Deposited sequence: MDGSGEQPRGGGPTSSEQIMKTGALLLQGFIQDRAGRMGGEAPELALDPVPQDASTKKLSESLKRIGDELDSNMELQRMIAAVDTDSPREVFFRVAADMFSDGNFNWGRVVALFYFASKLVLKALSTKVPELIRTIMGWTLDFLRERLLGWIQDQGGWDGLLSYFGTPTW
């Protein structure tokens, strides 16, 4: 047992809202199993989503966020988190802003991962092509033969 004021309920609900929120923004195929939740928690998810949408239309923020280097993203996360709350104040807007920042690190890490995956997979593909297909492709007179094949 334990009401909304218990540390357990706070961590539990906190996990749900944050995951709901990050998954939501990271969807904008291969999608994610949405986070099942109650009526009040949906109402909260809904509102977080709106605040996040409004943050996305803040061009200053998006500029600086894209500007920052996420080679060591954990360092960045903790440095920003600490700086945000260092003046000893707390309010709901900063908590929301923190959640927003977390979702942006996800996207940012994802962005650096994409060209890595591509290069790796291209490596396999071009290795296969060179050792198995090159002979046949030369027989066509190179990729100019694919032009003919498409009609162009």
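Engineer: Which ranges of the deposited chain go unmodelled, in order along the sequence?
Structural biologist: The deposited sequence has unmodelled segments at 1-9, 38-43, 168-170.
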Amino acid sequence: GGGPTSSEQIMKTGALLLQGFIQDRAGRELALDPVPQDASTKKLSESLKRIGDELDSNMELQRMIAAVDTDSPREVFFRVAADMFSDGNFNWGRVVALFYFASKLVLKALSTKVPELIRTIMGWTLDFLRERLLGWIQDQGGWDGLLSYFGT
From here on, numbers count along this sequence of modelled residues.
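So that the term is clear: the rigid core is the largest set of C-alpha atoms that superpose within 1.5 Å between two forms.
Engineer: With the rigid core as the fit anchor, does 138-146 or 6-14 show bigger C-alpha shifts in 5 other deposited structures of this protein?
Structural biologist: Evaluated in 5 other deposited structures of this protein, the stretch farther from the shown form is 138-146.
Engineer: On a core superposition, give the stretch, 123-131 or 87-95, with the larger average C-alpha separation from this form in 5 other deposited structures of this protein (RMS over structures and residues).
Structural biologist: Greater root mean square C-alpha distance in 5 other deposited structures of this protein: 123-131.
Engineer: Can you tell me whether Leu30 lacks a model in a third or more of the other compared entries?
Structural biologist: Yes: coordinates for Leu30 absent from at least a third of the compared entries.
Engineer: Between 18-26 and 5-13, point out the one with the higher average CA B-factor as the PDB entry records it.
Structural biologist: Per the PDB entry, the higher value belongs to 18-26.
Engineer: Report the stretch with the higher mean CA temperature factor, choosing between 58-66 and 122-130 on the basis of the entry.
Structural biologist: Averaged over C-alpha atoms, the B-factors run higher in 58-66.
Engineer: Checking the entry, which one of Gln37, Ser103, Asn91, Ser86 has the top C-alpha B factor?
Structural biologist: Result of the comparison over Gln37, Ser103, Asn91, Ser86: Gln37.
Engineer: In terms of the chain's CA B-factor thirds, is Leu32 lowest, middle or highest?
Structural biologist: Highest third, going by the recorded CA B-factors of the chain.
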